[PDB]
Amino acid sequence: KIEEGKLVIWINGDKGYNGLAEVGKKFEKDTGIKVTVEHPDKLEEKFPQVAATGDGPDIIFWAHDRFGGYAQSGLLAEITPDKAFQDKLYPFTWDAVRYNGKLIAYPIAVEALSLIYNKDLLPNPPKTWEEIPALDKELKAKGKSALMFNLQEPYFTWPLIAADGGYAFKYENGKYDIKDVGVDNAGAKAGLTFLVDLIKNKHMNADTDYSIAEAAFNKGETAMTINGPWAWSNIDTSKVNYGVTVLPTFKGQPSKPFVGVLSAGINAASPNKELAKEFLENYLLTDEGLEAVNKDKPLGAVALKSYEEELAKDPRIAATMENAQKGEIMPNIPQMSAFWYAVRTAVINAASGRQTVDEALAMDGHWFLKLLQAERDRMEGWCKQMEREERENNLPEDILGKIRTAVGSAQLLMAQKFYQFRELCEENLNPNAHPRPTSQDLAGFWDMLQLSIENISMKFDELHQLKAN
């Protein structure tokens, strides 16, 4: 049940956990406090599980995108770095660890897609997407391809799609507006249209996946590809003389890839919050701390200004950071599951022809059904959490009333309104009226449903701001 007087850290298996342990030994040498570095399986699944029951590590390292949900569940403590410390990291990274105006984690590393090119086939990579079709024709005459990347996952096509105005969910002071999704707008349309055309004009195949693209580039068959730092080691052994640079612009605007920020959050149940802060602020987030982690497993670009300036001496890291600063921070909320599923479908259908670009990106029944599912999942999660506390502990009197009410309102809303909304959506999807709910009608109902979800969300926050008190 989280021991006091020490620190236990969880970090993923693909990170530099040995170097982290190195920093850990140094902390123990100066303070006498031991630091244990573990890397269990599916820790992103385990953390919330064990954390909800007062257990788990003092510190958890993980992509920032999962932390919004954790904070919403009351699993992370609010961190307290001062103005001087925050000034040591790039501003944009702090925006990735905010939940309802509060800081819930320390940014460590930054990751984003970049344009990777074969210096032998293309010494001067294109600066715009618009000049790629012409470049492809020139290369095709030589049997080569201009560009090949994974068109199956929205993560990979998003940069182009979001370039001229697209975005997932609107962001405001550590809060994402689920009623404001930026997939159905002029910019997102222009982007998917350019991509669609590339496929039509034989410049790309709708079936190109991650492996096909990786194979084509590593075998010198295509002058460029779009991929992340995780693919660099494979290219290094291919011996292809490559370079990494800023993604091409579209309609004059920067491509906007999603940004993932590896972060360190402090377990709300941790009795060692002050030790964790000391360790994170003065031992890990230092040139020496990050250097040790990086030598064990490259972190890519880092959030610490002083050390990134150093790491950026490497053009590839420089490119990653450049693309990351022009990108979109991945929303740190569970409803992104709906976004991923919908956008993927939209692209798949739009590329082939199953639907036009407008129909594909239109927010109809399909989108809302996916969003509703996402809301059901988080709310049911909160209820199980709270009824488990009432079921375990005693905490009689007041708190029980607050729990029953919070849970009661959520379950009714789901058993009643969620049920109705789901049917309205399926009707919207049926061409033969009833009357036929309009996309706008769905939007209106959804915006109303979100008002209710937010209120309930507040009561649960109200409860967490205590625990089982």
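We number the residues from 1 along the sequence you see.
S.K.: Look over 257-265 and 368-376 in the entry and identify the one with the greater average Cα temperature factor.
M.R.: Averaged over C-alpha atoms, the B-factors run higher in 368-376.
S.K.: Between 440-448 and 414-422, which has the higher average C-alpha B-factor in the PDB entry?
M.R.: Mean CA B-factor is higher for 440-448.
S.K.: Choose from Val50, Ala63, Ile60, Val407 the residue with the greatest Cα B-factor as stated in the PDB record.
M.R.: If I rank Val50, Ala63, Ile60, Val407 by C-alpha B-factor, first place goes to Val50.
S.K.: According to the deposited entry, which of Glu328, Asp287, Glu322, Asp184 has the largest Cα B-factor?
M.R.: Comparing C-alpha B-factors across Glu328, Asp287, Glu322, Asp184, the top value belongs to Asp184.
S.K.: Grab the CA temperature factor for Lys200 from the record and place it in the lowest, middle or highest third of its chain.
M.R.: CA B-factor rank for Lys200: highest third.
S.K.: Check where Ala338 lands among this chain's C-alpha B-factors and tell me if it's the lowest, middle or highest third.
M.R.: According to the entry, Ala338 has a C-alpha B-factor in the chain's middle third.
S.K.: Compared with the other modelled residues in the chain, in which third is the CA B-factor of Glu221?
M.R.: CA B-factor rank for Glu221: middle third.
S.K.: Looking at the C-alpha B-factor of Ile108, is it in the lowest, middle or highest third of its chain?
M.R.: It belongs to the lowest third of the chain when residues are ordered by C-alpha B-factor.
S.K.: Split the chain's modelled residues into thirds by Cα B-factor; is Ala188 in the lowest, middle or highest one?
M.R.: Middle third.
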